């Protein structure tokens, strides 16, 4: 984890979750990333993304506060803990636990600088999912349905 690689223009390639309904088209956790900013050394993260809501691309910017290390807290369709578990020049993987007042959803997001992952990057992402109990069969390719403004 090189914290300096966190801010930047990122595209979301994949999302995986135990409660798949949360990430399918029309799900509250299907978020089309555009950019991540660090508020003066990343004590807080400013995340800008599109939510395809009501057949409209809605631009949203949410702020997550650092809790400990690279674990941040964010209120977004419930309470969330977002952890940066892997960050490189071209790849970023987040681990999110969302509590909607009824159930906890464990999910991951694989972001890239490009529009895809090489087999080696996908192998790593799938491995990080297994370690957390997030089913690889529940993987969704988000960039293929990202028709929101670039």
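Residue numbers count along the first chain shown, from 1.
Taking the mean of the C-alpha B-factors per stretch from the entry, tell me the winner out of 13 to 21 and 127 to 135. Mean CA B-factor is higher for 127 to 135.
Averaged over C-alpha atoms, is the B-factor higher for 140 to 148 or for 1 to 9 in this PDB entry? The deposited B-factors put 1 to 9 ahead on the C-alpha mean.
Kindly indicate the residue among 36, 39, 112, 60 with the greatest C-alpha B-factor in the PDB record. The record points to 39.
Third assignment of residue 103 from its chain's C-alpha B-factors: Highest third, going by the recorded CA B-factors of the chain.
Lowest, middle or highest third: which one holds residue 67 when the chain's residues are ordered by CA B-factor from the entry? Highest third - that is where residue 67 ends up once the chain's C-alpha B-factors are sorted.
Which third of the chain holds residue 120 when residues are ordered by C-alpha B factor: lowest, middle or highest? Tercile = lowest for this residue's CA B-factor.
Which third of the chain does residue 45 land in by C-alpha B-factor: lowest, middle or highest? As the PDB entry reports it, the C-alpha B-factor of residue 45 lands in the highest third of its chain.
Relative to the other modelled residues in the chain, which third contains the C-alpha temperature factor of residue 93: lowest, middle or highest? Tercile = lowest for this residue's CA B-factor.
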